[PDB]
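**Q** A single structure is presented below for examination.
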4 protein chains.
Amino acid sequence: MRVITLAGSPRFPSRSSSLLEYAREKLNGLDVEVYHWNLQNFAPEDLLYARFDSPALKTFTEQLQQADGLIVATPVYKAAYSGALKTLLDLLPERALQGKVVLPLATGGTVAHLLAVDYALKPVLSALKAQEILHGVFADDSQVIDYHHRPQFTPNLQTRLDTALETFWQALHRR
Amino acid sequence: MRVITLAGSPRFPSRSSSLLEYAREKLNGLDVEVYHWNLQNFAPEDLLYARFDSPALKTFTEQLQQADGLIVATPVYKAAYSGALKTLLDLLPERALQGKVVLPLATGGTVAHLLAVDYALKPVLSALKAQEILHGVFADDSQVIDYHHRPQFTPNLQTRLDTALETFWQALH
Amino acid sequence: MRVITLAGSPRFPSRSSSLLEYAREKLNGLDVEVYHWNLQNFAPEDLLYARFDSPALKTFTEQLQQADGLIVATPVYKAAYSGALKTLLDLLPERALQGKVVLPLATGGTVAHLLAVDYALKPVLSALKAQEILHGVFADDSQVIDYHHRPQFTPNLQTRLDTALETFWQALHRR
Amino acid sequence: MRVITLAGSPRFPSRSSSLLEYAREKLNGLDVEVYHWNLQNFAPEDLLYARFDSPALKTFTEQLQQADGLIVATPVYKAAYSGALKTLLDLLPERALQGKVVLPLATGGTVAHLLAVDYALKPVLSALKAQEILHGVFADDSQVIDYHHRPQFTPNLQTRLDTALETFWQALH
């Protein structure tokens with residue numbers, strides 16, 4: 001019923017930010033309550049010096065607390081998630097993702113950094129006590145033919161996004 | 001509705017096996033068909049030298065195929081899952097865990113190696129294409145009071161298994 | 001001959017920042033060229049939006065490029081290094097640590113996060129092509145009796161720091 | 001000056017073994033005493049069921065003890081080192097790699113699993129208390145032209161091994 005999407009890219013547009021876009025579209029077409037957040041919504045000073053009294057933080061958190069699931073996306077810098085995504089994740093409370101389904105997406109220069117999703121990003125979401133984390137979707141920069149206006153992906157990438165969004169929705173209303 | 005439990009300890013019984021026995025007991029009470037495997041069901045030479053014509057592997061592959069979920073348990077050695085368990089996971093098909101809900105369990109002599117679950121076991125399960133991996137339970141040895149004749153846990157460890165197992169049951173619907 | 005020390009804590013003082021302090025002292029007492037950098041030396045805006053034209057960045061990089069080794073320290077937030085440390089590491093060039101010995105140090109609330117050094121931090125330094133990375137030192141918050149004025153550690157922590165600094169210096173002048 | 005090479009492939013020869021043979025050849029040329037082990041030197045049942053009285057394990061432990069460095073090589077399976085190799089690492093003493101310089105090598109069917117070295121193999125070596133772990137070499141299968149009768153690599157893979165091996169030699173001084 002309620003989903004947070006979180007773009008983790010330090011720049012806009014991003015190849016990663018556009019994976020999240022396509023999902024947002026496919027999901028809005030279900031009148032599911034979606035709340036998109038990106039890093040451009042926070043003050044750099046609050047994220048760096050780790051200031052928990054961030055007003056932006058309180059509003060995101062309140063929305064997170066009410067969301068049934070999280071779809072989070074990040075470029076792969078230095079064999080992990082962006083540090084910029086991490087500074088925010090660092091501010092969330094200890095059990096922020098408890099009870100929530102999570103869907104991680106990621107892009108990278110090379111397929112050689114595919115394992116950053118499983119070995120860097122998923123443990124962090126797990127530290128935050130995600131109830132369940134999906135397999136997720138990684139795309140090397142070659143699967144994205146255009147991320148500037150409409151996202152164009154290769155059929156393979158689009159398919160893998162479809163499959164994962166499908167799983168994601170079903171997990172979002174188990175009883 | 002079929003679940004596989006898979007013990008990854010090289011000795012049996014073990015602390016991690018007792019977790020699976022407890023899980024079995026809770027799942028049978030809910031009319032799940034549960035099938036238990038351990039490393040002792042395979043010929044060591046088939047595992048260590050990766051021999052794909054292992055009869056047991058064929059049986060275990062079929063059983064897994066038709067299974068909706070997997071509970072896997074391992075002791076933590078050298079900051080990761082056991083080699084012993086990994087020898088078996090290495091022999092499974094590329095997409096063996098596709099469509100499946102996976103509950104990882106582990107035991108460890110020191111709480112210092114709690115992260116072995118997230119940083120070592122989960123990635124390997126995700127390489128087998130697990131559809132979703134539950135948060136899981138790490139138990140330091142001292143939370144497992146008896147593992148030989150009847151699983152007996154401290155209240156906190158018991159409560160955490162119970163919670164995980166309920167999430168696991170719900171996920172299978 | 002030339003070492004960079006890098007505090008990765010978002011706050012000062014930090015339990016982690018003080019591990020780096022004790023090292024800096026022990027090493028200055030050898031007239032080794034040490035260049036201490038912390039996150040307080042960078043503009044939050046540059047680190048977040050990933051601005052490579054950071055003047056602070058150019059000066060750190062130039063000093064890094066000339067350093068024979070790096071000693072880097074971080075608290076353990078969410079089962080990894082701080083995102084704040086990461087935003088900087090994200091800006092360094094692709095092969096920044098090539099040819100250099102690296103010594104990682106870290107602190108955490110609980111010993112349960114000891115493995116964050118090996119599974120989160122070391123891969124990032126390795127992505128940066130560290131020639132060699134030392135075993136390193138992790139300390140739970142209980143090993144630090146006081147980090148505010150002089151660092152007080154338990155003998156065990158001090159010993160483990162000594163052992164690692166020893167190894168560190170020897171590796172810094174192989175021929 | 002003693003080096004152990006340790007092949008972690010479950011079949012022999014393998015692509016990762018050919019790397020170690022190449023390394024051996026380069027190290028002997030520099031008057032290093034090199035001792036080679038592989039998984040076939042151990043009884044599978046001792047590895048898979050973690051039996052510490054394995055004679056081979058005793059010999060390998062002694063040899064490692066007196067060794068200054070270790071070159072270890074493994075294929076990448078299910079996004080990590082081989083279970084087969086891990087069964088052996090799990091049987092080594094707690095501080096087995098203390099004081100030692102370690103050079104990790106790996107091979108993989110897809111470059112997609114290059115990070116298995118940093119995210120999986122290194123942590124386990126560091127749990128054995130390796131004094132320093134070199135950057136290492138990942139080679140996708142296609143860079144290993146022959147591994148059966150004479151190690152034969154593409155120029156780039158050969159150049160990267162050469163560089164690593166020189167760093168390794170210097171570190172042993």
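Residues in the structure tokens are named by chain (A, B, ... in the order shown) and by number from 1 within that chain; ligands are numbered from 1 in the order shown.
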Residues of chain C near chain A: apply a cut-off of 6 Å, count only C-alpha atoms, and supply the list as a PyMOL selection string.
**A** chain C and resi 10+44-45+48-49+78+83-84+86-87+124+127
**Q** Find the residues in chain B near chain A: any atom within 8 Å counts, using only C-alpha atoms. Write them as number ranges by chain.
**A** B: 118-120, 122-123, 126, 129-135, 170-171, 173
**Q** Keeping only N, CA and C atoms, write the selected residues as a tab-separated table (two decimals), in the first residue's frame.
**A**
chain	number	residue	atom	x	y	z
B	118	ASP	N	25.29	-12.10	7.07
B	118	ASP	CA	24.99	-11.11	6.04
B	118	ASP	C	26.10	-10.99	5.02
B	119	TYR	N	27.34	-11.08	5.47
B	119	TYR	CA	28.44	-10.79	4.58
B	119	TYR	C	28.96	-12.01	3.87
B	120	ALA	N	28.57	-13.22	4.28
B	120	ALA	CA	29.12	-14.42	3.66
B	120	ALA	C	28.03	-15.39	3.21
B	122	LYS	N	24.55	-15.09	2.99
B	122	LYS	CA	23.51	-14.55	2.14
B	122	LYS	C	23.94	-14.40	0.68
B	123	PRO	N	25.15	-13.87	0.41
B	123	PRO	CA	25.58	-13.64	-0.99
B	123	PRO	C	25.60	-14.91	-1.81
B	126	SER	N	22.08	-15.86	-2.55
B	126	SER	CA	21.60	-15.00	-3.60
B	126	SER	C	22.22	-15.36	-5.00
B	129	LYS	N	20.17	-17.64	-6.66
B	129	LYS	CA	19.02	-16.91	-7.16
B	129	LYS	C	17.84	-16.99	-6.22
B	130	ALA	N	18.07	-17.11	-4.93
B	130	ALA	CA	16.96	-17.06	-3.96
B	130	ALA	C	16.06	-15.83	-4.22
B	131	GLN	N	14.76	-16.10	-4.25
B	131	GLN	CA	13.78	-15.07	-4.52
B	131	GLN	C	13.74	-14.05	-3.40
B	132	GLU	N	13.80	-14.53	-2.16
B	132	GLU	CA	13.90	-13.61	-1.03
B	132	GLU	C	14.57	-14.28	0.14
B	133	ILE	N	15.47	-13.53	0.76
B	133	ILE	CA	16.23	-14.00	1.90
B	133	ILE	C	15.81	-13.22	3.15
B	134	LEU	N	15.28	-13.98	4.10
B	134	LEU	CA	14.77	-13.46	5.37
B	134	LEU	C	15.94	-12.98	6.20
B	135	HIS	N	15.66	-12.13	7.18
B	135	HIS	CA	16.72	-11.52	8.02
B	135	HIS	C	17.63	-12.57	8.67
B	170	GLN	N	4.62	-17.29	6.94
B	170	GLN	CA	3.77	-16.34	6.25
B	170	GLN	C	4.23	-16.13	4.82
B	171	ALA	N	5.53	-15.96	4.64
B	171	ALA	CA	6.14	-15.89	3.31
B	171	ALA	C	5.79	-17.09	2.42
B	173	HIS	N	3.09	-18.23	2.15
B	173	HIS	CA	1.76	-17.86	1.55
B	173	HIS	C	1.76	-16.47	0.90
**Q** Contacts from chain B to chain D, 9 Å maximum, only C-alpha atoms: show me the residue list as JSON, numbers by chain.
**A** {"B": [9, 10, 11, 39, 40, 43, 44, 45, 46, 47, 48, 49, 50, 77, 78, 79, 80, 82, 83, 84, 85, 86, 87, 88, 89, 90, 94, 119, 120, 123, 124, 125, 126, 127, 128]}
**Q** Export, as a JSON list (two decimals), in the first residue's frame, the selected residues with N, CA and C atoms.
**A**
[["chain", "number", "residue", "atom", "x", "y", "z"],
["B", 9, "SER", "N", 26.69, -28.28, 9.19],
["B", 9, "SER", "CA", 27.72, -28.62, 10.14],
["B", 9, "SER", "C", 28.41, -29.89, 9.69],
["B", 10, "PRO", "N", 29.72, -29.98, 9.93],
["B", 10, "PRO", "CA", 30.42, -31.20, 9.56],
["B", 10, "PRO", "C", 30.30, -32.29, 10.56],
["B", 11, "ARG", "N", 29.91, -31.99, 11.80],
["B", 11, "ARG", "CA", 29.54, -33.02, 12.78],
["B", 11, "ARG", "C", 28.04, -32.97, 13.03],
["B", 39, "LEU", "N", 25.08, -33.01, 5.76],
["B", 39, "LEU", "CA", 26.25, -33.27, 4.92],
["B", 39, "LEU", "C", 26.60, -34.74, 4.91],
["B", 40, "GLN", "N", 26.11, -35.46, 5.92],
["B", 40, "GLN", "CA", 26.40, -36.89, 6.09],
["B", 40, "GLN", "C", 25.59, -37.75, 5.09],
["B", 43, "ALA", "N", 28.49, -38.52, -0.10],
["B", 43, "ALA", "CA", 29.81, -39.13, -0.02],
["B", 43, "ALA", "C", 30.85, -38.00, 0.00],
["B", 44, "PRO", "N", 31.72, -37.95, 1.02],
["B", 44, "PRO", "CA", 32.70, -36.86, 1.08],
["B", 44, "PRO", "C", 33.50, -36.68, -0.20],
["B", 45, "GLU", "N", 33.87, -37.75, -0.88],
["B", 45, "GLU", "CA", 34.67, -37.62, -2.04],
["B", 45, "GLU", "C", 33.87, -36.95, -3.18],
["B", 46, "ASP", "N", 32.56, -37.11, -3.18],
["B", 46, "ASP", "CA", 31.76, -36.46, -4.23],
["B", 46, "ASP", "C", 31.73, -34.94, -3.99],
["B", 47, "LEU", "N", 31.64, -34.53, -2.72],
["B", 47, "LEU", "CA", 31.60, -33.12, -2.37],
["B", 47, "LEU", "C", 32.94, -32.38, -2.58],
["B", 48, "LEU", "N", 34.00, -32.98, -2.07],
["B", 48, "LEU", "CA", 35.28, -32.35, -2.07],
["B", 48, "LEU", "C", 35.86, -32.29, -3.50],
["B", 49, "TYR", "N", 35.59, -33.29, -4.33],
["B", 49, "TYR", "CA", 36.07, -33.28, -5.71],
["B", 49, "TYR", "C", 34.98, -32.92, -6.72],
["B", 50, "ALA", "N", 33.90, -32.30, -6.23],
["B", 50, "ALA", "CA", 32.82, -31.79, -7.09],
["B", 50, "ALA", "C", 32.36, -32.76, -8.14],
["B", 77, "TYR", "N", 32.72, -20.54, 10.72],
["B", 77, "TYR", "CA", 34.15, -20.88, 10.79],
["B", 77, "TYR", "C", 34.96, -19.89, 9.95],
["B", 78, "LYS", "N", 36.07, -19.40, 10.51],
["B", 78, "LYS", "CA", 36.94, -18.50, 9.81],
["B", 78, "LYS", "C", 36.11, -17.41, 9.15],
["B", 79, "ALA", "N", 35.20, -16.86, 9.94],
["B", 79, "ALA", "CA", 34.43, -15.69, 9.58],
["B", 79, "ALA", "C", 33.46, -15.88, 8.41],
["B", 80, "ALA", "N", 32.93, -17.09, 8.24],
["B", 80, "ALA", "CA", 32.05, -17.39, 7.15],
["B", 80, "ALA", "C", 31.33, -18.67, 7.50],
["B", 82, "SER", "N", 30.56, -22.73, 6.87],
["B", 82, "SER", "CA", 31.49, -23.87, 6.79],
["B", 82, "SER", "C", 31.83, -24.22, 5.32],
["B", 83, "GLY", "N", 33.08, -24.58, 5.09],
["B", 83, "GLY", "CA", 33.49, -25.11, 3.81],
["B", 83, "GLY", "C", 32.64, -26.29, 3.45],
["B", 84, "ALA", "N", 32.40, -27.11, 4.47],
["B", 84, "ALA", "CA", 31.65, -28.34, 4.30],
["B", 84, "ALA", "C", 30.32, -28.08, 3.59],
["B", 85, "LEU", "N", 29.56, -27.11, 4.11],
["B", 85, "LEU", "CA", 28.29, -26.73, 3.49],
["B", 85, "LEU", "C", 28.53, -26.15, 2.11],
["B", 86, "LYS", "N", 29.59, -25.36, 1.96],
["B", 86, "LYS", "CA", 29.78, -24.70, 0.70],
["B", 86, "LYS", "C", 30.08, -25.76, -0.38],
["B", 87, "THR", "N", 30.69, -26.89, 0.00],
["B", 87, "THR", "CA", 31.06, -27.87, -1.02],
["B", 87, "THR", "C", 29.74, -28.28, -1.69],
["B", 88, "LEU", "N", 28.68, -28.40, -0.91],
["B", 88, "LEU", "CA", 27.40, -28.85, -1.44],
["B", 88, "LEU", "C", 26.76, -27.75, -2.24],
["B", 89, "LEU", "N", 26.79, -26.53, -1.72],
["B", 89, "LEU", "CA", 26.11, -25.43, -2.43],
["B", 89, "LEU", "C", 26.77, -25.25, -3.80],
["B", 90, "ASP", "N", 28.07, -25.50, -3.86],
["B", 90, "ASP", "CA", 28.83, -25.37, -5.12],
["B", 90, "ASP", "C", 28.37, -26.36, -6.22],
["B", 94, "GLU", "N", 22.70, -23.64, -11.14],
["B", 94, "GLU", "CA", 22.84, -22.20, -11.20],
["B", 94, "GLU", "C", 21.66, -21.45, -10.60],
["B", 119, "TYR", "N", 27.34, -11.08, 5.47],
["B", 119, "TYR", "CA", 28.44, -10.79, 4.58],
["B", 119, "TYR", "C", 28.96, -12.01, 3.87],
["B", 120, "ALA", "N", 28.57, -13.22, 4.28],
["B", 120, "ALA", "CA", 29.12, -14.42, 3.66],
["B", 120, "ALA", "C", 28.03, -15.39, 3.21],
["B", 123, "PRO", "N", 25.15, -13.87, 0.41],
["B", 123, "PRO", "CA", 25.58, -13.64, -0.99],
["B", 123, "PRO", "C", 25.60, -14.91, -1.81],
["B", 124, "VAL", "N", 25.97, -16.00, -1.15],
["B", 124, "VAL", "CA", 26.07, -17.29, -1.80],
["B", 124, "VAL", "C", 24.66, -17.78, -2.09],
["B", 125, "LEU", "N", 23.74, -17.55, -1.17],
["B", 125, "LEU", "CA", 22.35, -17.96, -1.40],
["B", 125, "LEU", "C", 21.72, -17.13, -2.50],
["B", 126, "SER", "N", 22.08, -15.86, -2.55],
["B", 126, "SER", "CA", 21.60, -15.00, -3.60],
["B", 126, "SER", "C", 22.22, -15.36, -5.00],
["B", 127, "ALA", "N", 23.40, -15.97, -5.00],
["B", 127, "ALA", "CA", 24.02, -16.39, -6.25],
["B", 127, "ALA", "C", 23.24, -17.58, -6.81],
["B", 128, "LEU", "N", 22.60, -18.35, -5.92],
["B", 128, "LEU", "CA", 21.71, -19.45, -6.31],
["B", 128, "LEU", "C", 20.32, -18.97, -6.68]]
**Q** Using Å and a single decimal, report how far CA of residue 3 in chain B sits from CA of residue 35 in chain B.
**A** 6.3 Å
**Q** Return the single residue from C:26, C:6, C:66, C:17 that is closest to residue 41 in chain C, with distances computed using only C-alpha atoms.
**A** C:6
**Q** Range 20-27 of chain D: which residues within 8 Å, counting only C-alpha atoms, same-chain residues fewer than 5 positions away excluded, as a JSON list (two decimals) with N, CA and C atoms, in the first residue's frame?
**A**
[["chain", "number", "residue", "atom", "x", "y", "z"],
["D", 5, "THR", "N", 52.48, -22.93, -1.76],
["D", 5, "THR", "CA", 51.41, -22.65, -2.70],
["D", 5, "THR", "C", 50.29, -23.63, -2.37],
["D", 6, "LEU", "N", 49.05, -23.17, -2.43],
["D", 6, "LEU", "CA", 47.92, -24.01, -2.06],
["D", 6, "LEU", "C", 46.84, -23.84, -3.12],
["D", 7, "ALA", "N", 46.56, -24.94, -3.82],
["D", 7, "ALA", "CA", 45.54, -25.01, -4.84],
["D", 7, "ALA", "C", 44.24, -25.39, -4.21],
["D", 32, "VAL", "N", 63.86, -19.42, -3.91],
["D", 32, "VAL", "CA", 62.91, -19.61, -2.85],
["D", 32, "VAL", "C", 62.67, -21.12, -2.78],
["D", 34, "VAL", "N", 59.98, -23.74, -2.41],
["D", 34, "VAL", "CA", 58.56, -23.75, -2.64],
["D", 34, "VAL", "C", 58.02, -25.15, -2.40],
["D", 71, "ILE", "N", 50.99, -18.48, -1.26],
["D", 71, "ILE", "CA", 50.19, -18.18, -2.45],
["D", 71, "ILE", "C", 49.03, -19.18, -2.49],
["D", 72, "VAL", "N", 47.79, -18.67, -2.43],
["D", 72, "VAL", "CA", 46.62, -19.52, -2.47],
["D", 72, "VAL", "C", 45.77, -19.16, -3.70],
["D", 73, "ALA", "N", 45.23, -20.18, -4.36],
["D", 73, "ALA", "CA", 44.50, -19.97, -5.60],
["D", 73, "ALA", "C", 43.21, -20.79, -5.53],
["D", 151, "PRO", "N", 51.44, -23.83, -18.36],
["D", 151, "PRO", "CA", 50.68, -22.59, -18.14],
["D", 151, "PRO", "C", 50.94, -21.63, -19.23],
["D", 161, "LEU", "N", 50.23, -11.15, -13.18],
["D", 161, "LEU", "CA", 50.82, -12.14, -12.30],
["D", 161, "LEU", "C", 52.26, -11.77, -11.99],
["D", 165, "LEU", "N", 53.67, -11.07, -8.35],
["D", 165, "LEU", "CA", 54.73, -11.95, -7.88],
["D", 165, "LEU", "C", 55.98, -11.19, -7.46],
["D", 169, "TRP", "N", 57.57, -11.18, -3.87],
["D", 169, "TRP", "CA", 58.97, -11.47, -3.58],
["D", 169, "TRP", "C", 59.59, -10.39, -2.66]]
